[PDB]
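Working notes, structure below.
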Amino acid sequence: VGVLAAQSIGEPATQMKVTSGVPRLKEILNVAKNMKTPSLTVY
Amino acid sequence: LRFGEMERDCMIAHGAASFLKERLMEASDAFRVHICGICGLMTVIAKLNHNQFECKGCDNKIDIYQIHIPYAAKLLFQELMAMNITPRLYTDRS
Amino acid sequence: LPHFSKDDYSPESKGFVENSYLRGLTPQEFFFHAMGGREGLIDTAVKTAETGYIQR
Amino acid sequence: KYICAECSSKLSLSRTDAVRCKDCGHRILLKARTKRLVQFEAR
Amino acid sequence: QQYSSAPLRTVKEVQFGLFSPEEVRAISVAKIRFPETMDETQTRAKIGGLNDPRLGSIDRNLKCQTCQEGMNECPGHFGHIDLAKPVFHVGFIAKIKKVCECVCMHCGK
Amino acid sequence: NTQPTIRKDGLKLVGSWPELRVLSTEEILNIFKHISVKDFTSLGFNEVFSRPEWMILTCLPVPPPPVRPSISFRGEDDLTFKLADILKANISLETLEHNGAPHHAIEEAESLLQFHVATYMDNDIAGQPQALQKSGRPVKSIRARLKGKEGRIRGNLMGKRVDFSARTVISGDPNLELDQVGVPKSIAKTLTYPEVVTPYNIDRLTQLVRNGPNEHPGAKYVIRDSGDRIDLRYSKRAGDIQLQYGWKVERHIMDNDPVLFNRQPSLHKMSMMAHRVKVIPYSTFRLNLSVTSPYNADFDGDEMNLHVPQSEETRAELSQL
Amino acid sequence: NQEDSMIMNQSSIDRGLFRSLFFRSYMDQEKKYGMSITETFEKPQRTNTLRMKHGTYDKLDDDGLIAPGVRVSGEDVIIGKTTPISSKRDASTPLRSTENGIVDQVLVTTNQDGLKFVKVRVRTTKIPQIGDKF
Amino acid sequence: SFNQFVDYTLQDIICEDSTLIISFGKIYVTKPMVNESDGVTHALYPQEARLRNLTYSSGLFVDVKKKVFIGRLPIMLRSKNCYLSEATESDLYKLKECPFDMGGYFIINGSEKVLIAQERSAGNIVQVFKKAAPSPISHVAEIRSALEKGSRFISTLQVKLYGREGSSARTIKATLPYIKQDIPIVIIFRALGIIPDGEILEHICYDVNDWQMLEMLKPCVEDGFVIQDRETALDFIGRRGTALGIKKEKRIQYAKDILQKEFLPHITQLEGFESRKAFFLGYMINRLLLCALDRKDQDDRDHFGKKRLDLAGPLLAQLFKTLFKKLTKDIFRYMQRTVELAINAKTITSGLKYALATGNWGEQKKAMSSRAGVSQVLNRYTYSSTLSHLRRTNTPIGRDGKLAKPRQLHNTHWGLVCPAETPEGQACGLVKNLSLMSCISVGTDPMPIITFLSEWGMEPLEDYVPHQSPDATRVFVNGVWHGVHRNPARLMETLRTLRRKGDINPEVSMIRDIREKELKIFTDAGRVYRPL
Amino acid sequence: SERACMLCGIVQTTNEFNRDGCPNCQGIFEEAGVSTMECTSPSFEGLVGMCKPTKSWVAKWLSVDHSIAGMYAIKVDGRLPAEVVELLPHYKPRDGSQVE
Amino acid sequence: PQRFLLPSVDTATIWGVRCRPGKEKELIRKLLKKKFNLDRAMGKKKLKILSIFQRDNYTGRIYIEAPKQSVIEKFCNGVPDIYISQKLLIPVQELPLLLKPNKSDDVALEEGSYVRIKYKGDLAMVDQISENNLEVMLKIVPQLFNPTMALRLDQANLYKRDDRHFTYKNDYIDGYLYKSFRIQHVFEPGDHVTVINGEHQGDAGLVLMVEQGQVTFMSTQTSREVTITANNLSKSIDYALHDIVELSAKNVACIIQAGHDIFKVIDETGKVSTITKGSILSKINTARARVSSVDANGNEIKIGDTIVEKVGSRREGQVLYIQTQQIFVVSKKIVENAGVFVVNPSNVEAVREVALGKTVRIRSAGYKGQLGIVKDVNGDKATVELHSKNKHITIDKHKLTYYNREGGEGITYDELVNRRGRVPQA
Amino acid sequence: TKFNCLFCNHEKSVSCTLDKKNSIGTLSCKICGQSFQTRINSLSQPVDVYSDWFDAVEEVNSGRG
Amino acid sequence: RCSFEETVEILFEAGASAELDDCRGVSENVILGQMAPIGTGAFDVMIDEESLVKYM
Ligand SMILES: [Mg+2]
Ligand SMILES: [Zn+2]
Ligand SMILES: [Zn+2]
Ligand SMILES: [Zn+2]
Ligand SMILES: [Zn+2]
Ligand SMILES: [Zn+2]
């Protein structure tokens, strides 16, 4: 299961205002104490 | 050819453990090494022609088991031993 | 570009291309398209390595 | 057995002999094609 | 490659404990004291030195004395060096410093 | 006794009480020896397989010849040169100790020995000079030999070279089945499968042996029961060899022979899949059009790899998994 | 011709379409390892020689260099060099295993220090195939 | 570039180190030749060298007085020291040389090696860059001063503004060379000779109307008010980097010499007029303040105006200089040994061969930072490939990294670098190929330009009176603030007319900026220009 | 080639010994009726540059306090001629024999 | 006298300064020259430097005797390859040993002693030592000098001084060369014990009696008592095997227990005997031995083939060597005689190309009339590489015509086999 | 707070204390016990105090006070 | 963890701590060249001696 999940999460990254794309995935995977483009949503 | 890490994990996902074992132990470098059942160190004197087994490190006569591993594994074990690190290969779970 | 005077914010001077490949591109439009292609190539080159490292 | 690049004259030198052309100072000392029969096909 | 009477069974666990100097001496069949890797005339390996036949076969057509095997079927053997003056381990330098800071400099407590 | 603030500067640490002084290695070794079982047991050192004293190496094992192959261009490796230098330093230190110890040059000799040992175990030391080999290259150490891609961990254990395999360009082929992959005749001849002799296919194996390695539907080796391998091309009496049960023959890959096909950028799981071999008289691999998408193939000179299984277990696993 | 592939006419291919000539040059020297000892360019005769590669030495002439128009393939020796040992060890330059062709030219000269030097250029005719890229 | 090198730079290098405690008058280069063992030297041609894998180099003869063969300099094809240059099509065919071949390479051991143009940051120019918020510094202005004539050395002078926005500490400190501790500019001005605070402010700020600059500099003068004497300033400068010396005893002179040479070496190297250094420092501080205030756009490194493409010329000049210095040291040691000739020519020839063989561009093979890749085997797959390779440019930045900004081609590449031609992969965005109508400046002597400017009416920088001269255009030649002029339009028109007529070498670049009212003249080599 | 005297340890080129001999032991050699070469050896270990032999403790340790400033050898191999030894009752060889 | 030379703080003060190793001599000379120049120039004001020296065994450092550190720092300032910062004070107690001459590793030369020349690597005997202890006479092996060969070859340079004294190329005595070389250029009963040194090194046994330092032990290998010195025995806690030895021109034996100088061998007759190393004329190479025999069933048997005896115990084993009337077989299931037994061949049952290197033309195929070069033959088929095609094809040799090295006439596969293999005449 | 000393010629035996509130620089050696005091500024450094002490010692030795 | 970027530091840490490895991970089996407990290798196959007789 782990290897399949890793491959399924990595393939879209290879295929591919607010940071998005590969940098966002790298930030999410890392601890990312400092946020390049921090955001908050309130309703 | 080189069996890359990406291919290794892809085959692991495929679940073909037998294929990986054959590829990394039969289609690649293959070695057979002797280890004692008490010290678990590859430094075992084994004369196959005379069928005489004895390890200088531990006072044992017949406690030797043979294991098939790639030459790279024993090379890494020897390198670690040079660093005063001893991978104690045991055939049983404590 | 040197062909445009200072403070020229018109689309032709800001990377806009108004001619399709069929008719052709003016030298300024060609240079802008080349810059865009270089940016895309550099982005692909960096992102393939980044994605491979992330997958690893 | 040998020819000169410039003079294009046969030398037929042997072992332990100078490899320089006798007629000129050039010492490229090219060798002529083998006397063995050679066949080629248009295919 | 060659018939062996030892039982065949895969490894199940691998301890990574330290290698004691006493164990080094016990297992080190030979001794190294000659810096030269070859003897005079560059024909025979230096006796009791680097590339000693006891450790292994330097070249093919010669069988290691310890195991009577050549390049193949010869794992190898290690030698023990006196090293009268102890030497700090680069890998454990931080560990050595931590242990020293954690214990008294006189009573070792 | 107060505990000095031990620093970490260079190979030899310096402790401050304040007065700064270099702590004697012998004193540290004695302190480690004096540590009781409970102390280092609580610290995390397993007494049975570890001890604080054992950390201070008093003996350096000498790697055997296999760990230091000789080029013989003999051409001893840089590790052998480092070991020789360490041995020379130890011999000089012993001679100085036995020939009067001024205690001034003794410290320099000890520091040199420590530096040599550290370089041998770790050539690259942060904030310290790197030992230079006699030739115009840095000396290679065991730590450097285990660093990454070129290291044995990721260069010979995680990923290692394969004997039975081929690599070459791929071309499209609409006239091939989805699971059927074209294979060059030359690659098929070079690649072989060790099929064991059985009564069921005894006649077929005998015919293949009679055909010989040169003929594609044949074989190149006949492994006997004893395990010794006999080459067919070098032996002029190949046709006179009678196969026996229990033997193995390296037969050329035939049709409907599962083999794994892959591309080097194995980004996803579906980048390595089994295909049925179809021998073709061309030097380019041919695969189904659809399988390009999972492989991301483009046929613009793309090179792919084919791995042939060498056992019944592997063939069954590839066909079923 | 899918995936940007192409279909090329076989008749044109064999009639002179995109045919190519490939020239590969091999260089050999008698670099001296020790004064009074130098290599010799001669055809090995198996006498007092320990190292002998699979390359066929028959193609070599008396001088030890293949003349133009000699077929060479596989590991066939192109330059026959033997280094005396103190009787001698073969040091020929075998042809590339993965490449073969017809030897085009061979030249012999003297290096800066006067040592014998040989350069052999081999020419091959390569015709477009399916695997070739355009 | 190679022709100008062999013509002038070799002689300049010989003359720079000609003096010794012996003396070299002139250096002569002959036609290519080969000194075969047990043979007679004879003319050598490129075809013969390639066939025999010989080095295509010409011997160097230097006269010594109280001629000696010092080595062999490789000769580029189609130069002024090769036979093929003085050969017609029939002659080229008779020599087995392709007329279409453009040469432009070096034949070493038969292999053809081409030196790729190396991009470097232009010297004698102030570049102001912002700093990241975490770092206390706000803006840093750096200048890579270096001699344009000889004895070239890198002098990276950086002045930094400590304190971010709202830090309440607007101080500027200049990192004087060989001084680790940054010193306030006030102490430097005091050491130079501008003791009065008002004079320092006037030098820093030209237009007294702008009070914002004075307000921002007020902390600087407040902290520098402690020093009021030149001797005290020199002592304070000499405090750092102590080497067991006495500040009051033979250290003030040492600091003065360091200031004369280390501080802005390019502008001058004499103590007769030290005010030029003060004026240049004031201009640098003014630019830094303008950048900080946001009235001036931040400098961009990608612009070719601040970049120089060194061809084989400068690289060979540096290799020569180094090898000749080594040979001079060796002969000096030999003379010292001979208490009561013998020039090792191989020291230079072998060194050059190694540099052109493995591509390691360093003083010696032992150096691991030689920056390999300078020399590459010429690609002869097709004529177009050879032409592209001969006109290829390389960037010293490592092929690794993931910074897209330097890789992207700036708008300045129009007409200088091909927008499309570039390798794909790691090298993408670093290796560049020049356009068809692109040429690299070979360099020229600027002294005639300086003399013409001085004679035409350019007031000396010493007499500059900014307070009484509200309007004035500064004239910069090779990054040196020689002075100011009152009629910039007339001077610029005269210079353009002279350059068009042909009196001045067209390679010189003259730029007049009305917004900044600044005149810049560039004559250094490595500058890319195109015809229009 | 450089040779070191076996009596005082002074190191000098063979040409200097042939021309002028040992500047500090020429009289002793002449009295003993032996040549300078026989009283000098080419094998020596260590180099000592003595500047103030009278005020230098190293010179006293090497018994060259009364000698002139120059180059001397800490250890010199060989033996002086028997005639020289007979004229020097308190001679101490510099080969380390009497340094037990 | 030396008792009054003990260093003291007020009398001796030497500082050590780090320097680039190996440059000790050159650096010392340069410093001495600089000191002399400074003394000559400055005059009355002279730096207080008493001596500058170095030790060969201590590389990378120099020693300067001065009263103050500042003087040394000023003197060494600006000197390349000297790190003035990396300096340390030499304690007084360490001063003596610093200047103490190093004990030369060369053992005191004595007449008749054996040494090695640094004839490199050749053992030499010290015959005489010069009175000055600068040169030593060494006797070495030149192979022993042969007066007959010298007289035959270079009699011009050969002279005879005595019945056993010959001079060649400027002195040989008794076939050995005498040459002058510079000295610098030259236990309880029942205990298990093992021999670590001596003639019986490697032997193990059980002790039985100890007396006057001599221990007698029964050895399992020889099954006899051996008495050895105690110091040569260690208390242990409780030709190779199978090699073929040609005992004589007609006797061949197989080793069952390979020792140092004692070998137990079974002969063709099955008798097992113990012999010495000298009794073995040479070792027979089984791999290179082209010997074959015929079994009872008539199937050919070679070295290494597995065979089973038809009668007796039906022992199964691999043949190591084949004798004219016997075969030696080693079996892994038998421990007796190391598993090696000699059996009769009849009592066991088993479990030159002329075309090569000659140009040829094919006759009946798709490539008929095409020149080809024969590479190898696998039997009934010949592999030929086509000159115009980069491919190797296997075709029957009988349907190919052979031609001369240079042109010549075509001949089928009927003349080379019949007539002596020779290329035709062009 | 480690610098060389002139009286005892001992390295790193000197310690300098800078009281910016009182603007006083005090230099003291831990071996010979010599103590010196000088006026200092906010931008002063221990090297400045050492230089001032050396200058004062030179002036005292020269006798040109 | 050794197979990751940190290679020798982890080995030194394990040696200092004398860490014990159960070899249940993929990397351990791959290095040892043994069938990892993955899919096919997760379980083991045995022989039934009672069903064999009746199946014969
Ligand atoms: Mg593709
Ligand atoms: Zn054991
Ligand atoms: Zn000619
Ligand atoms: Zn061995
Ligand atoms: Zn305590
Ligand atoms: Zn003091």
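Identifiers in the structure tokens: chain A, B, ... in order shown; residue index from 1 per chain; ligand index from 1 in order shown.
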- Message: To check your reading of the model: which residues sit at most 12 Å from ligand 4 when counting only C-alpha atoms and all ligand atoms? Write the answer as a VMD selection string.
- Response: (chain B and resid 43 to 47) or (chain E and resid 29 to 30 51 to 60 62 to 78) or (chain F and resid 64 to 66)
Could you save the residues just selected, with C-alpha atoms, as a CSV table (one decimal), in the first residue's frame?
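Produced file out.csv, reproduced below:
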```csv
chain,number,residue,atom,x,y,z
B,43,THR,CA,35.2,-14.3,9.7
B,44,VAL,CA,34.9,-18.1,9.8
B,45,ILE,CA,37.6,-20.5,8.7
B,46,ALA,CA,35.8,-23.0,6.4
B,47,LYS,CA,37.9,-25.5,4.5
E,29,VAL,CA,44.9,-14.4,12.5
E,30,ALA,CA,47.8,-12.4,11.2
E,51,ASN,CA,48.4,-7.8,1.3
E,52,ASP,CA,49.7,-10.7,3.4
E,53,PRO,CA,48.7,-14.2,2.0
E,54,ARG,CA,47.0,-15.0,5.3
E,55,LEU,CA,44.4,-12.2,4.8
E,56,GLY,CA,43.7,-13.3,1.3
E,57,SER,CA,45.1,-14.1,-2.2
E,58,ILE,CA,46.7,-11.0,-3.7
E,59,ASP,CA,46.8,-12.6,-7.2
E,60,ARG,CA,45.2,-15.6,-8.8
E,62,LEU,CA,47.9,-18.7,-5.4
E,63,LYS,CA,45.6,-20.2,-2.7
E,64,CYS,CA,45.2,-18.3,0.6
E,65,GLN,CA,47.0,-20.2,3.4
E,66,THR,CA,44.2,-19.7,5.9
E,67,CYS,CA,41.5,-21.1,3.6
E,68,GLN,CA,43.4,-22.7,0.8
E,69,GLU,CA,41.3,-20.7,-1.7
E,70,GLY,CA,42.0,-18.2,-4.4
E,71,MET,CA,40.1,-15.1,-5.4
E,72,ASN,CA,36.8,-17.1,-5.4
E,73,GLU,CA,35.4,-18.7,-2.3
E,74,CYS,CA,37.7,-16.5,-0.2
E,75,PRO,CA,35.9,-13.9,2.0
E,76,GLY,CA,39.0,-12.6,3.7
E,77,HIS,CA,40.6,-12.0,7.1
E,78,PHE,CA,41.5,-9.0,9.1
F,64,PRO,CA,41.5,-8.1,3.4
F,65,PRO,CA,42.6,-8.0,-0.3
F,66,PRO,CA,39.1,-8.2,-1.6
```
- strand (DSSP E) per DSSP on the backbone: members of region 72-130 of chain G, as a PyMOL selection string: chain G and resi 72+77-79+82-84+88-90+93-94+101-110+116-126
- Item | Surroundings of ligand 3 up to 12 Å, based on only C-alpha atoms and all ligand atoms, as a VMD selection string | chain D and resid 2 to 11 19 to 30
Keeping N, CA, C and O atoms for every residue in the selection just given, could you write it to a file as an mmCIF file, in the first residue's frame?
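What follows is the written file selection-v6.cif:
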```
data_model
loop_
_atom_site.group_PDB
_atom_site.id
_atom_site.type_symbol
_atom_site.label_atom_id
_atom_site.label_comp_id
_atom_site.auth_asym_id
_atom_site.auth_seq_id
_atom_site.Cartn_x
_atom_site.Cartn_y
_atom_site.Cartn_z
ATOM 1 N N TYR D 2 55.009 0.451 -48.648
ATOM 2 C CA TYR D 2 54.671 1.762 -48.114
ATOM 3 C C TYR D 2 54.802 2.796 -49.220
ATOM 4 O O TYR D 2 55.525 2.600 -50.201
ATOM 5 N N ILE D 3 54.089 3.911 -49.047
ATOM 6 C CA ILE D 3 54.104 5.013 -50.000
ATOM 7 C C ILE D 3 54.196 6.326 -49.232
ATOM 8 O O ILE D 3 53.876 6.404 -48.045
ATOM 9 N N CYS D 4 54.643 7.363 -49.934
ATOM 10 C CA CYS D 4 54.765 8.694 -49.358
ATOM 11 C C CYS D 4 53.484 9.485 -49.584
ATOM 12 O O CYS D 4 52.841 9.364 -50.630
ATOM 13 N N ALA D 5 53.118 10.298 -48.591
ATOM 14 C CA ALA D 5 51.914 11.112 -48.717
ATOM 15 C C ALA D 5 52.040 12.108 -49.863
ATOM 16 O O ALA D 5 51.085 12.319 -50.620
ATOM 17 N N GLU D 6 53.211 12.726 -50.010
ATOM 18 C CA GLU D 6 53.431 13.721 -51.055
ATOM 19 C C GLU D 6 54.019 13.091 -52.315
ATOM 20 O O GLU D 6 53.443 13.204 -53.402
ATOM 21 N N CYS D 7 55.168 12.424 -52.183
ATOM 22 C CA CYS D 7 55.814 11.829 -53.348
ATOM 23 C C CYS D 7 54.976 10.709 -53.949
ATOM 24 O O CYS D 7 54.990 10.514 -55.170
ATOM 25 N N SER D 8 54.243 9.967 -53.119
ATOM 26 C CA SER D 8 53.447 8.832 -53.586
ATOM 27 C C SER D 8 54.323 7.816 -54.315
ATOM 28 O O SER D 8 53.935 7.256 -55.343
ATOM 29 N N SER D 9 55.516 7.578 -53.778
ATOM 30 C CA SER D 9 56.474 6.643 -54.350
ATOM 31 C C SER D 9 56.681 5.474 -53.397
ATOM 32 O O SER D 9 56.742 5.657 -52.177
ATOM 33 N N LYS D 10 56.785 4.274 -53.960
ATOM 34 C CA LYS D 10 56.965 3.077 -53.152
ATOM 35 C C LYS D 10 58.306 3.111 -52.425
ATOM 36 O O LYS D 10 59.308 3.615 -52.942
ATOM 37 N N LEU D 11 58.313 2.567 -51.212
ATOM 38 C CA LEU D 11 59.517 2.474 -50.394
ATOM 39 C C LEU D 11 59.940 1.041 -50.119
ATOM 40 O O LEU D 11 61.126 0.723 -50.228
ATOM 41 N N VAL D 19 61.504 5.459 -40.959
ATOM 42 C CA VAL D 19 60.153 5.574 -41.491
ATOM 43 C C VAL D 19 59.962 6.886 -42.256
ATOM 44 O O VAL D 19 58.831 7.286 -42.524
ATOM 45 N N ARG D 20 61.052 7.560 -42.611
ATOM 46 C CA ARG D 20 60.995 8.828 -43.323
ATOM 47 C C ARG D 20 61.186 8.597 -44.816
ATOM 48 O O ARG D 20 61.978 7.743 -45.228
ATOM 49 N N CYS D 21 60.455 9.363 -45.622
ATOM 50 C CA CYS D 21 60.578 9.251 -47.069
ATOM 51 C C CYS D 21 62.003 9.559 -47.506
ATOM 52 O O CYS D 21 62.647 10.476 -46.990
ATOM 53 N N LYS D 22 62.502 8.774 -48.463
ATOM 54 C CA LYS D 22 63.846 9.007 -48.978
ATOM 55 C C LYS D 22 63.892 10.220 -49.898
ATOM 56 O O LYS D 22 64.892 10.946 -49.914
ATOM 57 N N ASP D 23 62.826 10.456 -50.666
ATOM 58 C CA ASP D 23 62.830 11.563 -51.617
ATOM 59 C C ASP D 23 62.683 12.906 -50.912
ATOM 60 O O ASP D 23 63.377 13.871 -51.255
ATOM 61 N N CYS D 24 61.792 12.991 -49.926
ATOM 62 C CA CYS D 24 61.513 14.234 -49.222
ATOM 63 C C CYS D 24 61.647 14.011 -47.722
ATOM 64 O O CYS D 24 61.807 12.885 -47.247
ATOM 65 N N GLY D 25 61.575 15.112 -46.973
ATOM 66 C CA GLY D 25 61.637 15.042 -45.527
ATOM 67 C C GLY D 25 60.340 14.656 -44.851
ATOM 68 O O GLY D 25 60.341 14.395 -43.644
ATOM 69 N N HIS D 26 59.238 14.612 -45.595
ATOM 70 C CA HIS D 26 57.964 14.205 -45.020
ATOM 71 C C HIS D 26 58.008 12.726 -44.660
ATOM 72 O O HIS D 26 58.594 11.913 -45.380
ATOM 73 N N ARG D 27 57.383 12.377 -43.538
ATOM 74 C CA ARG D 27 57.453 11.027 -42.989
ATOM 75 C C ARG D 27 56.072 10.523 -42.596
ATOM 76 O O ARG D 27 55.913 9.797 -41.611
ATOM 77 N N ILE D 28 55.044 10.898 -43.361
ATOM 78 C CA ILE D 28 53.718 10.327 -43.141
ATOM 79 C C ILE D 28 53.747 8.829 -43.414
ATOM 80 O O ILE D 28 53.228 8.024 -42.631
ATOM 81 N N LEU D 29 54.359 8.436 -44.531
ATOM 82 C CA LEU D 29 54.594 7.031 -44.862
ATOM 83 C C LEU D 29 53.290 6.231 -44.844
ATOM 84 O O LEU D 29 53.098 5.313 -44.043
ATOM 85 N N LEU D 30 52.386 6.601 -45.748
ATOM 86 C CA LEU D 30 51.152 5.850 -45.914
ATOM 87 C C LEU D 30 51.440 4.495 -46.555
ATOM 88 O O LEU D 30 52.473 4.288 -47.199
#
```
- Query: Counting only C-alpha atoms, what is within 8 Å of residue 16 (chain E), bar same-chain residues fewer than 4 positions away, as JSON, numbers by chain?
  - Reply: {"B": [85, 86, 87, 88], "L": [14, 15, 18, 19, 20, 21]}
Just the selected residues (N, CA, C and O atoms), exported as a compact mmCIF listing (two decimals), in the first residue's frame, please.
```txt
# COMPACT_ATOMS: atom_id res chain seq x y z
N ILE B 85 32.30 -1.52 13.38
CA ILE B 85 30.88 -1.82 13.40
C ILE B 85 30.71 -3.25 12.90
O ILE B 85 31.15 -3.58 11.78
N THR B 86 30.09 -4.10 13.71
CA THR B 86 30.00 -5.53 13.43
C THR B 86 28.54 -5.93 13.21
O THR B 86 27.79 -6.09 14.19
N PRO B 87 28.10 -6.10 11.96
CA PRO B 87 26.76 -6.66 11.74
C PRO B 87 26.70 -8.13 12.12
O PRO B 87 27.24 -8.98 11.41
N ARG B 88 26.04 -8.44 13.23
CA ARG B 88 25.99 -9.80 13.76
C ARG B 88 24.83 -10.52 13.08
O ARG B 88 23.67 -10.38 13.49
N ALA L 14 23.81 3.79 15.35
CA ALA L 14 23.41 2.43 15.70
C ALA L 14 24.53 1.71 16.44
O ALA L 14 24.27 1.01 17.43
N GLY L 15 25.77 1.86 15.98
CA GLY L 15 26.88 1.24 16.68
C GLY L 15 27.03 1.75 18.10
O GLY L 15 27.27 0.97 19.02
N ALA L 18 24.04 0.34 19.76
CA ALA L 18 23.92 -1.11 19.59
C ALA L 18 22.49 -1.49 19.21
O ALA L 18 21.90 -2.43 19.75
N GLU L 19 21.92 -0.74 18.27
CA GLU L 19 20.55 -0.98 17.84
C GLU L 19 20.41 -2.37 17.22
O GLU L 19 21.32 -2.86 16.55
N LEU L 20 19.26 -2.99 17.46
CA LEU L 20 18.95 -4.31 16.92
C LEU L 20 17.92 -4.17 15.81
O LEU L 20 16.92 -3.47 15.97
N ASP L 21 18.18 -4.84 14.69
CA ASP L 21 17.30 -4.79 13.52
C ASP L 21 16.64 -6.15 13.34
O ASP L 21 17.32 -7.18 13.29
```
- Task: Pull out every residue of chain F that has at least one atom within 8 Å of chain B, counting only C-alpha atoms, and report them as an MDAnalysis selection string.
- Result: chainID F and resid 57 60:63 67 121 142 152:153 156:167 262 264:272 305 309:310 313:314 317:318 321
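When CA of residue 525 (chain H) is paired with CA of residue 122 (chain H), their separation reads 10.2 Å.
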- Message: Please identify all protein, DNA and RNA residues within 9 Å of ligand 6, counting only C-alpha atoms and all ligand atoms, and report them as a ChimeraX atom specification.
- Response: /K:4-11,13-14,28-34
- Item | Contacts to ligand 2 at 10 Å cut-off (only C-alpha atoms and all ligand atoms) as a ChimeraX atom specification | /B:34-45,53-64 /E:27
